[PDB]
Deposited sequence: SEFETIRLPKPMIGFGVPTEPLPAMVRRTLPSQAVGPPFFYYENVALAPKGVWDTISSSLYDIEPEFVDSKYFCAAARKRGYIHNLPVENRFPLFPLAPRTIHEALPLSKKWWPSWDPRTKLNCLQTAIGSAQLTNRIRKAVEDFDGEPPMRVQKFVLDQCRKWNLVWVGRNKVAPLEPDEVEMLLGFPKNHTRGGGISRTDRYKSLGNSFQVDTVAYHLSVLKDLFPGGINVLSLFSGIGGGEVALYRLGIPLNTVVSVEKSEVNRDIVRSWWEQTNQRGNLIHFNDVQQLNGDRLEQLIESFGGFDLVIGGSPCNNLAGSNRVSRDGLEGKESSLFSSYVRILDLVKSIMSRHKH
């Protein structure tokens, strides 16, 4: 169902495809700009539904493996210009060994991975890494093919990395933070647990990818940008805009988790944003009246952006309200 290399209309690290053009449906244009992200792998009918709900736009499928050392396959529905995109610099390390230098010295020659799988919320238990330890410990390299297959399967499944001889480990949160393009300690401290760190990171945007798409906005909004960020999580979008050097004037962030909200608030302060950050807890508390007053108070929204959430319906309802209001 998906393209041969998932580079969308193009990725910075490879040659542009032969086709980099898109003609936006007439209704799909106009302010505001919108950016919707969903899992790439999904039945035909779902993406059909999403497209029909979002002004007939066809999704742009891209794998974040072209932006970092971990794969992430996503479909992005948007109405942004597609040309003159530039990446965040410097480019993220794109192999496990580049990203995690301490992992290279203990990487067995028989482990061919140079790229991690999609980063998820759950982590490999001590029990499993123990099983792997005992499975490889008996041999002083290399282990029988069937055990090689057993441990390679477990490692791929759980994104385990080598940290010593006979020792694999799940990624620690700082490693995940950097793989996703977040500043270090972005999710550390302040009342969030470790497992919740993994859950908030596992559900986030890959920042380099998103920034590559949003980079076209930098010239358009020198006054600063007003953003409706829906299901904003730990603020992947805001961090992308920030790393792009796009000033943020007003951000309306709708996020159910208090832990996520606090993470984003801390970040907002730490980066000394002069602009305004406004939090709402439920996407269902943004009615036409609330949107109206937000807009008459702060000006219209330049970008509305949301990620992988009836909640999609909430996104659509809200985007439609905003576009209606703005004309």
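Going by the record, the unmodelled stretches of the deposited sequence, in order, are 1 to 6, 316 to 335, 354 to 357.
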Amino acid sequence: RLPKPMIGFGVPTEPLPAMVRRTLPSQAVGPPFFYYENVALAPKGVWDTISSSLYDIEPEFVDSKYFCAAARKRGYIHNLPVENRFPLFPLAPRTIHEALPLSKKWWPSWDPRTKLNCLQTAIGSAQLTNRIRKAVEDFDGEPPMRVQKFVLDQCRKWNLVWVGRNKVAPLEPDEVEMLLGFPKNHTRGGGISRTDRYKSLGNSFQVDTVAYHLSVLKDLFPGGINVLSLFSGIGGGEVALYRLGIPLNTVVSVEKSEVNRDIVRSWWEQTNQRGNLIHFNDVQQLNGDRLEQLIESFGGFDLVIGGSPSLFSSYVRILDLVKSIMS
From here on, numbers count along this sequence of modelled residues.
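Taking only CA atoms, the mean B-factor in the PDB entry is higher for 46 to 54 than for the other of 274 to 282 and 46 to 54.
Remark: stretch with higher mean C-alpha B factor among 80 to 88 and 155 to 163 is 80 to 88. As recorded in the entry, 219 carries the highest CA temperature factor of 196, 111, 219, 177. Among the modelled residues of its chain, residue 40 has a C-alpha B-factor that falls in the middle third, as given in the PDB entry. Ranked within its chain, residue 208 lands in the lowest third, by CA B factor from the PDB record. Placement of the Cα temperature factor of residue 138 within the chain: highest third of the modelled residues, per the deposited record. Placement of the Cα temperature factor of residue 292 within the chain: highest third of the modelled residues, per the deposited record. For residue 237, the recorded CA temperature factor ranks within the lowest third of the chain's modelled residues.
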